[PDB]
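Trainee: I have a structure here, written as structure tokens, and I will follow up with some questions on it.
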Ligand SMILES: NC(=O)c1ccc[n+]([C@@H]2O[C@H](COP(=O)([O-])OP(=O)(O)OC[C@H]3O[C@@H](n4cnc5c(N)ncnc54)[C@H](O)[C@@H]3O)[C@@H](O)[C@H]2O)c1
Ligand SMILES: NC(=O)c1ccc[n+]([C@@H]2O[C@H](COP(=O)([O-])OP(=O)(O)OC[C@H]3O[C@@H](n4cnc5c(N)ncnc54)[C@H](O)[C@@H]3O)[C@@H](O)[C@H]2O)c1
Ligand SMILES: [Zn+2]
Ligand SMILES: [Zn+2]
Ligand SMILES: [Zn+2]
Ligand SMILES: [Zn+2]
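Protein chains in written order, with the entry's author numbering: chain B, 1 to 374; chain A, 1 to 374.
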């Protein structure tokens, strides 16, 4: 069979920026020492995958994007001790080497072995496991889930429950855990508080779930797309406001509504203006603002340091603050315990082949989470 | 006796920006309901007082500046209950009304009744108690301590120990409490941590005292005036660096020194660039930066939000996070109990009349804190 041999399969390759994904046949080399080869089962389309296409998030091209997924272990390389063939796993785009200063720190989660800070687009050893048309293709965040088969290092994978519905749980690999963690873990939303969430996509709706789970008394959803409002309220939002409905800036509206400003605000979009607006709408003396959105490559925002001096706290976070490998299996166990619902996030389920169409649904605002089944 | 009558005395009035203080005679109206007239015994020269002169911190002119001091209650208006004539007290440039949103929050201290955000330069009732040359003179942060007598609202005054040495504990009215509370209360410095403090002045040296007390293992002091280093070491600094000695940017130097970044960083200067530099040198996934310095009016800083996305926490604070009315008395009691020392901060003591030379000592970089005696 396939073990130890080169496998040929279909992958969605992005050759150029702003071009559609090309469904190609690629050759996936076998797992080297401390690597694992995975058979993909389901993969969600996250806006960050779209940032690569738009040139917003720069990573070496050509590449096989995709990072929000769930699959099954096909083979493991020499030295692997955390997973074995036939094991259901979720690849980790934010690794957990367990040995750097971040992993050793009780709170940091942005492991130094990550490939997001300075994208090399390769494996930990600096080489690629993908070949298409004889040309080496880059990896994306050490995951590359838009492929029937993918190879990831041991530090970038977690073993999860054997009874896990992989087509639902793949959301824990990004969107959900990110939004949920930003609220309960990072911001530390308090019972009775008033929160504001800018952006009601898959990650934004998950922030709303975190806040509701944390006990927030009031949760204001903000989005320029009013069609997103029903789902927001469905998952926990008390009210939703659309900026274009107002003659005066939204931070002013939010300040008046909350009688001085919100307790916690989240930016879950990726725009420089909304990041400052979110900071501004939280209470000046003790408000917390968390940036969840990924900003456009090489751009600086402008803000008045006085917003901070008065007492506000501004933070940012990757993967919702969770140490990936420790937390991923745990969230799956909690999902299984029926502790939270993922369904409201899944709006479309399409075959992997219909990849470009799932992206078209995102860009147009028709979808929240589209899962691609292989 | 002076009770109920207008008092004519000397005060340093600032008529124009960038101009010397004019020590002259002013009339100090008696205290109205819930106001207190105080005789000033000692007052410190904080850099914020110089910001007014330079126009860095905008407050209506002509004004009687000064906000870090100590004195004795001369008379109380109707309804005053928290202080009585003969009490030693410290004027609070940050009030504690106890009724508003911020006062009732367990963490916040920036009282809504403050005159720092929207400076009117008057009493809580919109009127002034100062007259010079027939012309009304403005108050500053509701304290105006550069006067032999001053009137403050009850919410802006705290009674301290009857045995307190006013010429020393006056620094508790601002410089010390600010720097100290920034480390232990705001940034919450941990045992064994590496800290960096930009600005080795009265407030910065006090930050170092807070880090030492919190157990910091390493505390690097940054200043372009190498003369400040000896006193820094003396109060806690393990090492000191002068950005001018290096060919490469200090955030790089500091990052390499602490093997990937400091745990906590403090900007205690008031410059836009050092605020950004301070954030950048703390560890990217769990570093915490605290802005203590007062920035130039209406000037915005430019920064890359990725600095925060990776996991950094950015916050600022007024008066070290201390609820003024609550904290001040306890801090004076601890001083008495010898829990901390104020002496290393005091480098020059001058009679009030020498106020102008005191400010020149601050500008020449020769002093830390000059106490002015009445
Ligand atoms: N920090 C992390 O670990 C992490 C993880 C996942 C995703 N992200 C980033 O988080 C962001 C959200 O991803 P998502 O998958 O939920 O995206 P999404 O595209 O599904 O949702 C974005 C939403 O924000 C809205 N919006 C756009 N402009 C707006 C504006 N000007 N004002 C108000 N609302 C506006 C859109 O209508 C949309 O509903 C992206 O930038 C993604 O790259 C970060
Ligand atoms: N947030 C608050 O509640 C609060 C309270 C008190 C004072 N402050 C502010 O804190 C700041 C410091 O006050 P201070 O009284 O200690 O002032 P200070 O003038 O005594 O100290 C400033 C120090 O920074 C140094 N410095 C200047 N430029 C530098 C540079 N480019 N790089 C590194 N170091 C540099 C100066 O040499 C000096 O030693 C001020 O801006 C003041 O207004 C804020
Ligand atoms: Zn994602
Ligand atoms: Zn690590
Ligand atoms: Zn001051
Ligand atoms: Zn108050």
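By construction, the Cβ of each residue, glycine as well, lies at the ideal position given by its N, Cα and C atoms.
Heavy atom of ligand 6 less than 7 Å from the Cβ of residue 233/B, yes or no?
Mentor: No, the Cβ of residue 233/B stays beyond 7 Å of every heavy atom of ligand 6.
Trainee: Would you say the beta carbon of residue 142/A comes nearer than 7 Å to a heavy atom of ligand 5?
Mentor: The answer is no for residue 142/A.
Trainee: Please name the residue in 127/A, 282/A, 131/A and 293/A whose C-alpha comes closest to that of residue 207/A.
Mentor: The residue with the shortest Cα to Cα distance from residue 207/A is 293/A.
Trainee: List, in order along the chain, the chain B residues whose C-beta lies closer than 8 Å to that of residue 314/A?
Mentor: In chain order: 308, 313, 314 and 315.
Trainee: Using C-beta distances below 7 Å, list every residue in its chain close to residue 233/B, excluding the 5 sequence neighbours before and after it, in chain order.
Mentor: Closer than 7 Å at the Cβ level, and outside the excluded window around residue 233/B, lie 240.
Trainee: Go ahead and label residue 65/A buried or exposed: buried means 16 or more other beta carbons lie within 10 angstroms of its beta carbon, across all protein chains shown.
Mentor: Residue 65/A is buried by the Cβ-count criterion.
Trainee: Does the CB of residue 366/B have a neighbour CB from chain A at under 8 Å?
Mentor: No, its Cβ sits nowhere closer than 8 Å to a Cβ of chain A.
Trainee: So with Cβ pairs under 8 Å, would you call residue 397/A a contact of chain B?
Mentor: Residue 397/A falls outside the range modelled here, since chain A spans only 1 to 374, and no answer is possible.
Trainee: What is the chain-ordered set of residues for which the beta carbon lies under 5 Å from any non-hydrogen atom of ligand 5?
Mentor: Working through the chain, the matches are 46/A, 48/A and 174/A.
Trainee: Unbroken alpha helix (DSSP H) runs of length 4 or more, entirely within the region 249 to 289 of chain B: which are they?
Mentor: Taking only runs of at least 4 residues, the alpha helix (DSSP H) segments lying wholly in the region 249 to 289 of chain B are 250 to 257 and 272 to 281.
Trainee: Counting only beta-carbon separations shorter than 8 Å, does residue 302/B have a partner in chain A?
Mentor: So yes, residue 302/B belongs to the interface.
Trainee: Between residue 328/A and the rest of its own chain, which residues show a CB-CB distance below 8 Å, the 5 nearest in sequence each way excluded?
Mentor: Here the set comprises 90, 92, 158, 160, 172, 173, 177 and 322.
Trainee: Mapping the DSSP letters down to three states, classify residue 51/B as helix, strand or coil.
Mentor: Helix at residue 51/B.
Trainee: By the criterion of Cβ-Cβ separation under 9 Å, what are the contact partners of residue 117/A in chain B?
Mentor: Result: 284, 306 and 310.
Trainee: Within its chain, find whatever has a CB closer than 8 Å to the CB of residue 297/B; leave out the 5 residues flanking it on each side and keep chain order.
Mentor: Within the same chain, residue 297/B has close Cβ partners 55, 56, 57 and 58.
Trainee: Thinking C-alpha only, which one of 338/B, 259/B and 107/B is nearest residue 181/B?
Mentor: Out of 338/B, 259/B and 107/B, 107/B has the C-alpha closest to the C-alpha of residue 181/B.
Trainee: Using only alpha-carbon positions, find the residue among 259/A, 8/A, 166/A and 118/A that is nearest to residue 68/A.
Mentor: For residue 68/A, the nearest C-alpha among the options comes from 166/A.
Trainee: Do residue 99/B and ligand 4 come close, with the Cβ less than 7 Å from some heavy atom?
Mentor: Yes, since a heavy atom of ligand 4 falls inside the 7 Å radius drawn around the Cβ of residue 99/B.
Trainee: According to a CB-to-CB cut-off of less than 8 Å, which residues of the region 90 to 110 of chain A neighbour chain B?
Mentor: From the region 90 to 110 of chain A, only 101, 102, 105, 107, 108, 109 and 110 have a Cβ closer than 8 Å to chain B.
Trainee: With DSSP as the reference, please indicate the residues paired to residue 217/A in a beta bridge.
Mentor: Bridge partners of residue 217/A: none, in fact.
Trainee: So does residue 89/B have its beta carbon nearer than 7 Å to some heavy atom of ligand 8?
Mentor: Ligands in the displayed structure: ligand 1, ligand 2, ligand 3, ligand 4, ligand 5 and ligand 6; ligand 8 is not one of them.
Trainee: For chain A, check one thing: does any of its Cβ atoms lie closer than 8 Å to the Cβ of residue 275/B?
Mentor: Chain A contact via Cβ: present.
Trainee: Can you check DSSP and say which residues form a bridge with residue 133/B?
Mentor: Paired residues: none, contrary to the question.
Trainee: Between residue 113/A and ligand 6, is the CB less than 7 Å from at least one heavy atom?
Mentor: Yes, the Cβ of residue 113/A comes within 7 Å of a heavy atom of ligand 6.
Trainee: If residue 138/A sits next to residue 62/A, beta carbons under 8 Å apart, how far is it from one beta carbon to the other, in whole angstroms?
Mentor: Rounded, the Cβ-Cβ distance is 6 Å, consistent with contact.
Trainee: For chain A, check one thing: does any of its Cβ atoms lie closer than 8 Å to the Cβ of residue 272/B?
Mentor: So yes, residue 272/B belongs to the interface.
Trainee: The alpha helix (DSSP H) spanning residue 355/B covers which residue range?
Mentor: Segment 355 to 364, the alpha helix (DSSP H) holding residue 355/B.
Trainee: Whole-angstrom Cβ separation of residue 244/A and residue 272/A, contact assumed at under 8 Å?
Mentor: Not really, about 19 Å apart at Cβ, beyond 8 Å.
Trainee: With a 10 Å radius around its C-beta and 16 neighbouring C-beta atoms as the bar for buried, classify residue 251/B as buried or exposed.
Mentor: With 16 or more other Cβ atoms within 10 Å, it is buried.
Trainee: Listing by chain order, which chain A residues have their CB less than 7 Å from the CB of residue 203/B?
Mentor: The contacting residues do not exist; residue 203/B stays about 13 Å from chain A at best.
Trainee: Sort 217/B, 211/B, 310/B and 201/B by Cα distance to residue 269/B and report the nearest one.
Mentor: Ranking 217/B, 211/B, 310/B and 201/B by Cα distance to residue 269/B puts 201/B first.
Trainee: Is any heavy atom of ligand 4 found at a distance shorter than 7 Å from the C-beta of residue 102/B?
Mentor: Checking the Cβ of residue 102/B against ligand 4 gives yes.
Trainee: From what residue to what residue does the alpha helix (DSSP H) around residue 180/A run?
Mentor: Run containing residue 180/A: 175 to 181, per the alpha helix (DSSP H) assignment.
Trainee: Flag residue 199/A as yes when its Cβ comes closer than 7 Å to any non-hydrogen atom of ligand 2, and as no otherwise.
Mentor: Under cutoff, so the answer is yes.
Trainee: Quick check on residue 276/B: buried or exposed, where buried means 16 or more other Cβ atoms within 10 Å of its Cβ?
Mentor: Burial call: buried.
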